[PDB]
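> Protein chains in written order, with the authors' numbering: chain A, 4 to 215; chain B, 197 to 245; chain C, 589 to 832; chain D, 57 to 154; chain E, 918 to 1089; chain F, 1519 to 1663; chain G, 980 to 1153, 1160 to 1273; chain H, 99 to 141; chain I, 442 to 539. By construction, the Cβ of each residue, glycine as well, lies at the ideal position given by its N, Cα and C atoms.
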Amino acid sequence: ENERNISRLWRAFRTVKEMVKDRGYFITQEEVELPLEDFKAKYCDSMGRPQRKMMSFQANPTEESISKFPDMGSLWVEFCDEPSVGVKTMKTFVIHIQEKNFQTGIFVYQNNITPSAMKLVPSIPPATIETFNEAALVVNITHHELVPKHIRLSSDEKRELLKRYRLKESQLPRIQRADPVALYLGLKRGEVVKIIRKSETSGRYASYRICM
Amino acid sequence: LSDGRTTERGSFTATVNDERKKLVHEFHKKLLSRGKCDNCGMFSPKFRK
Amino acid sequence: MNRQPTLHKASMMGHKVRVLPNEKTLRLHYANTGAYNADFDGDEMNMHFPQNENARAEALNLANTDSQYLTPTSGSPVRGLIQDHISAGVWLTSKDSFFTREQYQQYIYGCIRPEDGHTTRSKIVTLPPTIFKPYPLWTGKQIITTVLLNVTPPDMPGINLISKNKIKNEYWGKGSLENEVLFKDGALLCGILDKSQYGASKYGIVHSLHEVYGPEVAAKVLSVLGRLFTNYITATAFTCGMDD
Amino acid sequence: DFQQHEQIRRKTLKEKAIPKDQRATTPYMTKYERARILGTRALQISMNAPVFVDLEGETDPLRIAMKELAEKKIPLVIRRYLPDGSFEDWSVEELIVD
Amino acid sequence: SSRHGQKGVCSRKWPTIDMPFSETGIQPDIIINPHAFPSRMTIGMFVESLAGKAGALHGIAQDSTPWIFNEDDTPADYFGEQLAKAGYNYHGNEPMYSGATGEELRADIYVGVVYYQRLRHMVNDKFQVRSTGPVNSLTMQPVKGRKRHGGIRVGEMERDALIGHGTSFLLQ
Amino acid sequence: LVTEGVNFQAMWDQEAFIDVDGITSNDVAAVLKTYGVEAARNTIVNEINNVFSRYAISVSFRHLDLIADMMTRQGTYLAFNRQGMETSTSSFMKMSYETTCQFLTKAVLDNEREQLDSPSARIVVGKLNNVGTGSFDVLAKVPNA
Amino acid sequence: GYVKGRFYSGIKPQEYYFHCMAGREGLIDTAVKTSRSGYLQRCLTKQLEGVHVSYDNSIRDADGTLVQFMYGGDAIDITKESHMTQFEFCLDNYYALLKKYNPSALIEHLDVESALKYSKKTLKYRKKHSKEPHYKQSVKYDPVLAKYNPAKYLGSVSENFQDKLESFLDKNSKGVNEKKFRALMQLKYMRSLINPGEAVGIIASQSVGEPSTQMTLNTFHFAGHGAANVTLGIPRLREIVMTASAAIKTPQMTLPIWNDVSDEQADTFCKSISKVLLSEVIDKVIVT
Amino acid sequence: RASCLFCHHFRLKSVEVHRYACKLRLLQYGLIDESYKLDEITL
Amino acid sequence: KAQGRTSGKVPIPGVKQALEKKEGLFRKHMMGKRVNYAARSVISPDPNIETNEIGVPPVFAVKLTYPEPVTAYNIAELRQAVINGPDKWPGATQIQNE
DNA sequence: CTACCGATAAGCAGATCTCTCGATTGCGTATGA
DNA sequence: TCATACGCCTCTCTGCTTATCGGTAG
RNA sequence: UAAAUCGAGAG
Ligand SMILES: [Mg+2]
Ligand SMILES: [Zn+2]
């Protein structure tokens, strides 16, 4: 029971690190391929409690990410210890996001979150706050065979593509803002995405969707 | 308009039509939602069919 | 022409017009039945007559029957002879089929009529007989070879094709190689032309002729083969009976 | 009174016109384009348009137009339409048949 | 049609000279294509052919109620005995010569007499042609009806197919 | 192993027995909601192709790919009926399709203007179509002085 | 129902009765199969009547809304896709094929070197990057179809076609050289491109609906000992396309298993994961 | 149905009225991202 | 929407009923109309036409017409058709002036 | 304590290719003859 | 007695839409 | 010459 819960928490942590790396922040192969023995040596008590308070971390952009996106900011995460979501437990996080001046904020809860946060999360521009669930990140979705390689496409490339095909942002195929892929990519609406489909009759061919 | 992103005639495509329908339907549904008029307080009786 | 319901594209082609001053019904070749999914079950099909040169040229080039050789559903062919021409080919391309000079020349001219432009060269060219003594004797495969060589445009090499047919080797005797169809520079050297060579069968001789010489040559080859297997079937008819 | 109406349309028309140096469409003449050009040329000949190709007693305008295209003297200019409204202007002479 | 559900439209009136003639001088009046039988499996027609041939030869009538023969009294053999006694081929075949080449065909042709019944559904009732004529009042379109000299309908399926060819002037 | 109902999160816990990297389902809406648009498109193509394996009429994947990309052209599992049809610029084709009263009311209420793009609208008006031969224009070159 | 008779020697009356019964079943099914396709065909073609390939080789509705950038990722006409895989046939007929194509007249309006070099670079890149997880494939060079117009730059071909051509030229060693054959095959790929203007939407609608007319209550009715028996045929097609039902009749999923899990330690997992109702363990009840 | 007899306005608030008016006016020009970003003017 | 019927004889259809169903004006008179210059009859097979022609009986060939315009090269053939007249194929039925 | 939000259950609304022939067309009633 | 013009005279699938009853904020 | 309903139907 406890070992299963720890394994699930671990897998969620691995998915979070992989999603940050895919988004484009400096992440190594360590803290992603963290073994069970190391996890139980580090993130465990005298009996093996999750102690998720120290699981939080920051994400800074890579040099390549800065070159591609000059406006890419910092990221913050926090894992709630309590089973539910506390109103003040989210107020402290939301004030800390602006206190440390983080451009993006990622939040993870255990089971459910009070509807008031839904009304309150999009309140501090230009900072963006997103929320995820521990049991919804047990396994990554980008590793699935049907899911192609989604890669965010830069503003310069977006202008180049629109000029090449003589298009508008509205005329592209549209991808919703609630898919597990767009949430995984942290794709702000208005940004064109790039998809590498493994077509059966053409091998590799690229298609572009826009989140809107 | 200035940078050519949309001519003065407006851009009516499938996605803007979708958003128009969603927003208008939700806005009408919210109109039909409550019963007390929070503009003057003097609420009025609804109509049946 | 259109055979309702017009389920897919081929159910509405554009045919050329031939005015036969005998009958009171529309006359249609057999290659179109498979495409139209039509019958001769007393089927009645429409016949639209376009009236402006735009529509005339548009039906003659885009909607014409030759260009509709392969259905866009899966790329398989949809034209080709069907029922008695197939058995006529099986009988004519066998080894027993030997024709004298009379039969060879008559069979060739019965289908390579040059006055209508079936062949390119102004003179029908023939082939040396496969047997010289005691008396000249051609073969049915030689008939097929010279038909192809006379409809295939000149200044171009013949088809090099290797294929198969539905008839197994063991049904032709022992050590026979009739199950395999072989071509070499526009000459038939092995095997028989069953359904797997003309008709709705992929990778056939007519299919390869289409892909090599365009669709018009394939249509002419199909028409010529249909005419040949019709004239040959009157000389030696094919029949079935109770003894079978 | 009318100039403001006219000038705005010519600017828009000149805007969509793709320059000759940067037309990136198919160099070949498509089957649809062949059919349309043949039909329109045949219609012109039927309406007594002048023809510079000799006729060997032919009576079918469609065959006359096909002969013209084969010898490549059709006095027609295509106008390929891009979806946005931009148009490129190829000519039959520089087009390649099949 | 015969008495075994074998439809057929008269494709052509074959002249008697071009008609294939037999050894006895009998030119058949009806040709049925042999390729029909392998899919239809109407062996009753094949049996009836030689049974009728034997009946016409011997001036008798053979009953054809179902379930008179069996595995050991095959009708083919039973009527072949009568045909052989009459002097024709035991299998019902019959030597035949082409009416154009005049030469004997490759194999003896299966010939007999079968009961053939005409059908009520004629051809002139299916005839129709329209160039111009009466039009509707509220739509200015050709009227509906064969007797009314009305046109045929190019419906939704025909319109969509005409689009699919890429043909547009045809659609117009 | 094949189940009798769709719930992806059930076997996500049991990593030992199932390689969760290849969980493909007979459902489409669940795939769209839990795996994004593109996985839904892939499963649409797969489930419209495997219906042609049994009852074997092989069909080229280009048609199936076009069908899937039209079904998921708005990022959601649309449909080829009146419930997934109103999201179109030209209402002539919608009212020709069905529910003429329903679509005409919406079309006139918001003063929706048809630009004559769809073939059906061109047919109704009586203009040369835009697909194929009518996808371009022809200009006559005249040598004036 | 098992009849030992043959149509040559007749059938006993009971066998005749059974044969008539089967014929009646067939006669009913014929009417049903004739009736069961029109709505699907009509709705598909009504929806797709406009989408057509543009002059940029991108298919998009008459409005302008894109559906795919490349027609299937390759933009080769299906009617001409027949003999672009028959390498042996093409090699054998090389001379006739070349005389038909006339490569001499297809140079002044064509560019070869840029597309060929880019395709070679991409090919060697994927050769270096073939064996690895798909999500790790950070694309640096997108497929050549992305930038170079396949109808304007010789050598711009799909990754599948290029791979097959290279594999054939590697395995089979034939007087014609591999270079001229490759040039002719690339010219063949260029010539077999779907023309801008094809009513691709109508083509797709017909290719999906017209074969649907040929499906009915066929022989696929299995009752051997037990199976899942998912929906199929035009009911399933209507569910998939017409209604987009989120509550399909037989929803199920595929679960791949690790290669170290045998029939045992997997059957018990199946039994444990299966649903068990209270009624399935109660033999009976004795209500007093 | 969703109206007030006395004040003769919608039974919803008069600030949601202008919110939706501005949203529709801005989205009519195809500025979708701006339409959703307008809701951030809340204070 | 009409209310009130006990026995009646027929509910009269309204304007909306004239444009709604398959029998409505749309699907019956705009997506497809009856056509001029078109025939319909039974098809009989003929292995003597080159798989791209059709066998038009003379009863069809005396009704369907094409409006060929007269010109400097079609004058002889069209004059012959006019002289033949509407009964003798090939022939002319109407001479449409300018 | 009581207003707001969803979660069923019942009702509402709408779906399940061409053509040719033939046949047919309401009772109830109420006053001017 | 009695004729034609007025007056009516019981064996299928998908949604969408609204009513009513559980839970939570203040 | 209409228009609707029912029967026989043909592919
Ligand atoms: Mg038929
Ligand atoms: Zn008020």
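My output table needs one value for A/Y28: the three-state DSSP class, helix, strand or coil.
Start at 1 with the first residue of the first sequence, and residue 28 of chain A comes out as number 25. If DSSP states are grouped into helix, strand and coil, A/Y28 belongs with the strands.
> Residues of the stretch 1544-1565 of chain F in Cβ contact with chain D at a cutoff of 7 Å, in chain order, please.
Against chain D - using a Cβ distance shorter than 7 Å - the stretch 1544-1565 of chain F contributes no residues.
> Return yes when at least one heavy atom of ligand 2 lies under 7 Å from the C-beta of B/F243, else no.
In the second sequence, residue 243 of chain B corresponds to position 47, counting from 1. Not under cutoff, so the answer is no.
> Can you find a CB in chain F that lies within less than 8 Å of the CB of C/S662?
Counting from one through the third sequence, the residue named residue 662 of chain C turns up at place 74. Closer than 8 Å: yes.
> Nearer than 7 Å: is that true of the beta carbon of C/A626 relative to any heavy atom of ligand 1?
As a working mapping, residue 626 of chain C is identified with position 38 in the third sequence. Yes, since a heavy atom of ligand 1 falls inside the 7 Å radius drawn around the Cβ of C/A626.
> Measure from the C-beta of B/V220 to each C-beta in chain A and report whether the shortest distance is under 8 Å.
The residue you call residue 220 of chain B lines up with position 24 of the second sequence. So, not an interface residue.
> Spell out whether any CB of chain D is found under 8 Å from the CB atom of A/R169.
If you number the first sequence from 1, residue 169 of chain A lands on position 166. So, interface residue.
> Should G/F1048 be counted as a contact of ligand 4 given a C-beta to heavy atom distance under 7 Å?
This structure simply doesn't include ligand 4; it includes ligand 1 and ligand 2 instead.
> Pull up the CB-CB distance for F/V1546 and F/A1558, whole angstroms please, since I reckon it's below 8 Å.
In the sixth sequence, the residue the question calls residue 1546 of chain F occupies position 28. In the sixth sequence, the residue the question calls residue 1558 of chain F occupies position 40. Between F/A1558 and F/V1546 the Cβ distance is about 6 Å, and since that is below 8 Å, they are a contact.
> Would you check if the stretch 1574-1588 of chain F and the stretch 654-663 of chain C touch, i.e. whether three or more CB-CB distances between them fall below 8 Å?
Yes, they touch.
> Just the residues with CB closer than 6 Å to a heavy atom of ligand 2, in chain order, which are they?
Chain-ordered list of matching residues: B/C233, B/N235, B/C236, B/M238, H/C102, H/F104, H/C105 and H/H107.
> Smallest Cα separation from F/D1537: which of G/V1246, G/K1256 and G/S1197?
On the sixth sequence, residue 1537 of chain F is found 19 positions in, with the first residue counted as 1. The residue with the shortest Cα to Cα distance from F/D1537 is G/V1246.
> Got a sec: is the Cβ-Cβ distance from C/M830 to anything in chain E below 8 Å?
Indexing the third sequence from 1 puts residue 830 of chain C at position 242. Yes, its Cβ sits closer than 8 Å to a Cβ of chain E.
> Below 6 Å CB to CB, which residues in the same chain sit around A/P53 once its five sequence neighbours on both sides are set aside?
Counted from its first residue, the first sequence places residue 53 of chain A at position 50. For A/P53, where only same-chain residues beyond five positions count, the Cβ hits under 6 Å are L12.
> Are the C-beta of A/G193 and some C-beta of chain H separated by less than 8 Å?
Position 190 of the first sequence holds residue 193 of chain A. A/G193 counts as touching chain H.
> Have a look at C/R667 and D/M103 and give me their C-alpha separation to the nearest angstrom.
Position 79 of the third sequence, counted from the start, is the residue given in the question as residue 667 of chain C. Position 47 of the fourth sequence, counted from the start, is the residue given in the question as residue 103 of chain D. If you take the alpha carbons of C/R667 and D/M103, they lie about 38 Å apart.
> Hey, out of E/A971, E/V1046 and E/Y995, whose CA is closest to G/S988's CA?
Your numbering for residue 988 of chain G matches position 9 in the seventh sequence. Residue E/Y995 is the option with its Cα nearest to G/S988.
> Alpha carbons only, please: which of E/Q1058, E/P1051 and E/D1042 is nearest the one belonging to E/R1070?
Translated into the one-based positions of the fifth sequence, residue 1070 of chain E becomes position 153. Among E/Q1058, E/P1051 and E/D1042, the Cα nearest to that of E/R1070 belongs to E/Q1058.
> Run the CB neighbour count on A/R162, radius 10 Å, all protein chains shown included, and call it buried at 16 or more, exposed below.
Indexing the first sequence from 1 puts residue 162 of chain A at position 159. The residue is exposed, with fewer than 16 neighbouring Cβ atoms inside 10 Å.
> Excluding five sequence neighbours on each side, which residues of the same chain lie with their C-beta closer than 6 Å to the C-beta of E/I943?
Stepping through the fifth sequence from its first residue, residue 943 of chain E is reached at position 26. No residues qualify anywhere along the chain.
> Going by Cα to Cα distance, which pick from D/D110, D/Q78 and D/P131 is closest to D/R97?
Within the fourth sequence, numbered from 1, the residue matching residue 97 of chain D stands at position 41. Closest option to D/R97, Cα to Cα, is D/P131.
> Exposed or buried, I/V456, counting other C-beta atoms within 10 Å across all chains shown (16 or more means buried)?
Position 15 of the ninth sequence holds residue 456 of chain I. I/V456 comes out exposed.
> Thinking E/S939 and E/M1013 are a contact (beta carbons under 8 Å), I'd like their distance in whole angstroms, please.
Position 22 of the fifth sequence, counting from 1, holds the residue named residue 939 of chain E. Position 96 of the fifth sequence, counting from 1, holds the residue named residue 1013 of chain E. About 5 Å separates the two Cβ atoms, so the contact holds.
> Put C/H596 into one of helix, strand or coil per three-state DSSP.
As a position in the third sequence, residue 596 of chain C is number 8, starting the count at 1. Note: C/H596 maps to coil in three-state DSSP.
> Measure the CB-CB distance between I/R468 and C/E632 and report whether it falls below 8 Å.
Here the question's residue 468 of chain I lines up with position 27 in the ninth sequence. Here the question's residue 632 of chain C lines up with position 44 in the third sequence. Against a cut-off of 8 Å, the Cβ pair of C/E632 and I/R468 comes out as no contact.
> In the stretch 1189-1209 of chain G, which residues sit with their C-beta less than 8 Å from some C-beta in chain A, listed in chain order?
Listed by position along the chain: nothing, the set is empty.
> Do you know how far the Cα of C/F817 is from the Cα of E/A1001?
As a first step, residue 1001 of chain E must be located in the fifth sequence, where it is residue number 84. As a first step, residue 817 of chain C must be located in the third sequence, where it is residue number 229. Cα-Cα distance, rounded: 35 Å.
> Would A/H153 be called buried (16 or more neighbouring beta carbons within 10 Å of its own) or exposed?
For this step, residue 153 of chain A is matched to residue 150 along the first sequence. The residue in question, A/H153, is buried, as its Cβ has 16 or more Cβ neighbours within 10 Å.
> Could you work out which residues of chain G lie near A/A209, taking near to mean beta carbons separated by less than 7 Å?
As a first step, residue 209 of chain A must be located in the first sequence, where it is residue number 206. The answer, in chain order, is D1121, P1122 and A1125.
> Excluding the 5 residues flanking E/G997 on each side, which residues of the same chain have their C-beta closer than 6 Å to its C-beta?
Translated into the one-based positions of the fifth sequence, residue 997 of chain E becomes position 80. Here the set comprises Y1007.
> Which residues, taken in chain order from the stretch 1618-1643 of chain F, show a beta carbon closer than 7 Å to some beta carbon of chain G?
The stretch 1618-1643 of chain F vs chain G, Cβ under 7 Å: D1635, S1636, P1637 and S1638.
> Please check if any C-beta of chain F sits within less than 8 Å of the C-beta of C/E646.
Locating residue 646 of chain C in the third sequence gives position 58, where the first residue counts as 1. Yes, C/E646 lies at the interface with chain F (some Cβ there is under 8 Å from its Cβ).
> Inspect the CB distances between the stretch 822-832 of chain C and the stretch 592-610 of chain C and report whether three or more fall short of 8 Å.
In short, these stretches do not touch, since the Cβ pair count stays below three.
> My output table needs one value for A/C214: the three-state DSSP class, helix, strand or coil.
Taking the first sequence and counting its residues from 1, one reaches residue 214 of chain A at position 211. Reduced to three states, the DSSP call for A/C214 is strand.
> Any beta carbon of chain G sitting closer than 8 Å to that of E/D1077?
Position 160 of the fifth sequence, counted from the first residue, corresponds to residue 1077 of chain E. For E/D1077, the answer is yes, since a Cβ of chain G falls inside 8 Å of its Cβ.
> B/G231: buried (16+ other C-beta within 10 angstroms of its C-beta) or exposed?
Position 35 of the second sequence, counted from the start, is the residue given in the question as residue 231 of chain B. Per the 10 Å Cβ criterion, exposed.
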